[PDB]
Amino acid sequence: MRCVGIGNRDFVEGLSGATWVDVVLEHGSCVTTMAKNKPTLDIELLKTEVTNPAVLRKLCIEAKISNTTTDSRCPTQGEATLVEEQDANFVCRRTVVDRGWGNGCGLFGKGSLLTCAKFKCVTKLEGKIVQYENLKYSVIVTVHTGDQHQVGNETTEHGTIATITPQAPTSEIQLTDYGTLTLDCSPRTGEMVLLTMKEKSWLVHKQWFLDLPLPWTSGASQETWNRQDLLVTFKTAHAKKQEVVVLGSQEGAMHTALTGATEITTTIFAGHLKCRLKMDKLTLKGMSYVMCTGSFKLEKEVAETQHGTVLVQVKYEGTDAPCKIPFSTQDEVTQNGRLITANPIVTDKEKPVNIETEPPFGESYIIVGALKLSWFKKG
Amino acid sequence: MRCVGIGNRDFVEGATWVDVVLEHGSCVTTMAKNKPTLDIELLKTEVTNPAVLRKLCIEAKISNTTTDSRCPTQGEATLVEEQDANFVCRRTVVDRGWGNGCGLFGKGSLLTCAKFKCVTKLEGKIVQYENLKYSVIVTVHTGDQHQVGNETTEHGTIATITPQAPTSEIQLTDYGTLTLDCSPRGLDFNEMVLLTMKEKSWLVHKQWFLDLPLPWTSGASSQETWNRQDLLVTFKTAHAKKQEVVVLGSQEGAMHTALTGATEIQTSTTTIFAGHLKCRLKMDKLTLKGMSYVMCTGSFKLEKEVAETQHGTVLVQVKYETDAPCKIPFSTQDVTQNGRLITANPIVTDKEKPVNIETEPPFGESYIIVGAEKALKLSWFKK
Ligand SMILES: *[C@@H]1O[C@H](CO[C@@H]2O[C@@H](C)[C@@H](O)[C@@H](O)[C@@H]2O)[C@@H](O)[C@H](O)[C@H]1NC(C)=O
Ligand SMILES: *[C@@H]1O[C@H](CO)[C@@H](O)[C@H](O)[C@H]1NC(C)=O
Ligand SMILES: *[C@@H]1O[C@H](CO)[C@@H](O)[C@H](O)[C@H]1NC(C)=O
């Protein structure tokens, strides 16, 4: 058993004599799928993964400067030129300053001032385009066996995991002791970027990532940083020097901006997808088993889940293992309407068996064997 | 002779008092007959010692993470750390059942607290209109070779202006006393805030500073109680008993990027950008030195090639031969003998020390009368 007590839990019941069942999967939402004469299953979308993500850009967040060079001109002696202006690694700025006899020139006017610095990036993040072909959803399917350990165990070694990609959207999953289940999935959009920055991971929109005010480089191999002035600015000290100043690490700014995005290659908060379960090859274990004639004992007290279902963990006298569990629900006096666990069986005498049921509204009794459990499901 | 060759330069012309407007970056040249011409600039404005409106925190660290969890129908989770102000906390609800250690199915409370302590912060000081000190430099048009455009070393004299003593008497050596009545009058008195951050300083608006997304404390100096700590510490919830803390990190670069739009004030508590200031110069005590001096009779010669300033004026730097001291004769001829001078009394205090003279040449092919009879003449095509 799985997904019990999960807040976002949908109950999808298959139609009579339906070999298949439609299901909708989102992360944090699990679906309990039951079909007549077929095992009740719990389907959850465990995790999505993006493999071999293509590199879209590379933004710089922390920059450093060096080899500060400067050229200065007297008025009408040209405009200051430097060879560093020709280098893409260097960021530069020209300005005009008041020149006269006070600052070394013989003429009064506007003198040119060029300053270049050596733009190097020490710490940088990464943006990766995720293509539709590179998705790989992992869906866990857990059969309602009834073992005492797997109620909401949340472990992966209970059910079976199927990987589904847009390249291979359909897959046959072999559930042990229950056969083969075909799963036809149709993934939709889920144009978005994965921003690996200094060991973390985020998933943001493409436009939001491209409009980031950060120096960037294309994802192809000379590391020419565009819009370098976003990290390095130029303060005019006086007519013979324009000093460089660096803004510093924009990490904290990026964390502040990414607070709104969805955190995490494994990406949780998987996308909505619509899938179909063909169960023609699924086998319900214990269809053939004889009924139990022994007297049961309540191992664990009955508990009502969030959806009005109650779950019963019982134990057995023996002398009849294995067997089908005779389960019935009386009201107010009536007989059975609905059992969540498809086939309640006793694999071992010593192993308690869990069984989930939907009792009717108002006072009712749950008979197993003969054990009668009173219950009051608030109208 | 300060203020020469500075781009944004105003000329105010004359009795015994002149009205002037002072702006950082701008400067004025004041002239009056029988009174020495001066160069007045609003140097820098200093906030005396302002009061902290708000400290903000830009970097944060977390320790002593504590967590409490309760089963459904077992009440809300409680912690003694919720009583402490140093701890930032967050409470959530998680799905609980037989799978995560509870006997009942439902929503269980989960409370998590973390010790908020902060390594590096920035302060913000409200600049009350009272605690100001305008520094106004006044430089005399002497003509010495030292002060040609000397921004290198201060040569003039500076006056202090406060809203309590807006009037000041300054003594110009060999030139008497100058009375100065400025009116600060005033930038929305409590609008600006000085933002002291890790040795640097900025001036920003009050609303822009208050709307900054950063934790804040009352500015008084230990036991800093931080409000709005969630802006630097978030909580992610691992499943069913644990809520891990995430620190946003150093917001230094965020602050630098946000302050790129504001005007950097270059020093820690002095502002090298002032703002407008309306002043009145009273010269009833100002002495024009050189009015009893003799006319120069020797022949001059040009020390430095005539230079034109950006305002159309001409600067001429000459060396004298011998009365020493004496007054340099000066006027301009196109035909027209009249010529407007910027330097009021060009005198030669010493023979060796050259003398600079500023004049306003008339439009076109003028001539100059430095000297006498063998006084040198220079051509100038003012275009
Ligand atoms: C979760 O389950 C663990 C063991 O898993 C299952 O154990 C039995 C029921 C077998 O059916 C085996 O195939 C499974 O792997 C337990 O050790 C553990 O205590 C369980 N935890 C909780 C909270 O129920
Ligand atoms: C660059 O600066 C280093 C020291 O910072 C110096 O040793 C080197 O000679 C400089 N070279 C150039 C080309 O500027
Ligand atoms: C400016 O003042 C300094 C200080 O003595 C002086 O040495 C220099 O000659 C002056 N004139 C300049 C730099 O043009």
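Reconstructed Cβ throughout: ideal geometry from the backbone, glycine too, with neighbour counts over all protein chains shown. We did not get these values from a lab; they are worked out from the coordinates using the rules stated.
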Gyration tensor verdict on region B:58-173 (Cα atoms; rounded if a/c is under 1.5, prolate if a/b is larger than b/c, oblate otherwise): prolate
Space enclosed by the convex hull of the alpha-carbon atoms of region B:1-120, per residue, Å³: 232 Å³
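Among B:98-104, B:161-167, A:370-376, how do they line up by average Cβ neighbours within 10 Å per residue, starting with the highest?
Result, highest mean Cβ count within 10 Å first: B:98-104, B:161-167, A:370-376.
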Which of B:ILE62, A:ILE345 has the fewest Cβ neighbours within 10 Å, and the rest in rising order: B:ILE62, A:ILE345
For region A:243-295: rounded, prolate or oblate by the Cα gyration tensor [a/c cutoff 1.5]: prolate
Residue mean of other protein chain beta carbons inside 10 Å, A:142-149: 0
Per-q log10 I(q)/I(0), region B:212-264, q = 0.14, 0.22 Å⁻¹ (Debye; single scatterer per alpha-carbon; no solvent): -0.57, -0.96
Whether the protein assembly as shown is rounded, prolate or oblate, judged on the alpha carbon gyration tensor where a/c under 1.5 counts as rounded: prolate
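Looking only at other chains, what is the average number of their beta-carbon atoms within 10 angstrom of each beta-carbon in B:85-98? Write out the running numbers ahead of the final one.
Numbers: counts 0, 0, 0, 0, 0, 0, 0, 0, 1, 2, 11, 2, 9, 14.
Mean partner shielding for this stretch: 3.
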Shielding by partners - mean other protein chain Cβ count within 10 Å, residues of B:242-250: 3
Kirkwood Rh, angstrom, chain B [1 / mean 1/r, Cα pairs]: 26.2 Å
For region A:174-314, average projected area of the Cα convex hull in nm²: 18.1 nm²
Net charge, A:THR262 excluded, C-beta distance under 14 Å - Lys, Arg +1, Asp, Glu -1: +1
Set of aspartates and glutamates near A:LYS281 by C-alpha distance (under 19 Å), chain-local residues within fewer than 8 positions excluded: A:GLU13, A:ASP22, A:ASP42, A:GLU172, A:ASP177, A:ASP184
Sorted peptide list for B:208-217, A:283-292, criterion being average Cβ within 10 angstrom, highest first: B:208-217, A:283-292
Cα centroid separation - region B:190-233 against region A:267-311, whole Å: 57 Å
For the protein assembly as shown, share of DSSP beta bridges that run antiparallel, in % to the nearest 5: 95 percent
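Quick one: net charge around B:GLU365, please, counting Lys, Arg +1 and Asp, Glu -1 for every other residue with C-beta under 12 Å from its C-beta.
Summing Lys and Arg as +1 and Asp and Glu as -1 gives +2.
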Which listed pairs, of A:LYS58/A:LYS200; A:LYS315/B:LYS241; B:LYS282/B:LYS327; A:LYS241/B:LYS198, have C-alpha distances above 21 Å, in listed order: A:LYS315/B:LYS241; B:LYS282/B:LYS327; A:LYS241/B:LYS198
Net charge over other residues, Cβ less than 9 angstrom from the Cβ of B:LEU178 (K, R count +1; D, E count -1): +1
Region A:328-379-region A:70-144 distance, computed between alpha-carbon centres (Å): 74 Å
Of A:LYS110/B:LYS353; A:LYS118/B:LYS121; B:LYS125/B:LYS236; B:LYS289/B:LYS351; A:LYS64/B:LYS125, those spanning more than 25 Å from alpha-carbon to alpha-carbon: A:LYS110/B:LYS353; A:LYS118/B:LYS121; B:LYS125/B:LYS236; A:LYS64/B:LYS125
Whichever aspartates and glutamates have a C-alpha closer than 16 Å to that of A:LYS128, once near sequence neighbours (fewer than 8 apart) are set aside: A:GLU49, A:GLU191, A:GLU199, A:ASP211, A:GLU263
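To the nearest 500 deg cm²/dmol, what mean residue ellipticity at 222 nm is calculated for chain A from DSSP H runs of n ≥ 4 alone, each contributing -39,500 (n - 2.57), summed and divided by the residues?
After summing the helix terms and dividing by residue count, I get -1000 deg cm²/dmol.
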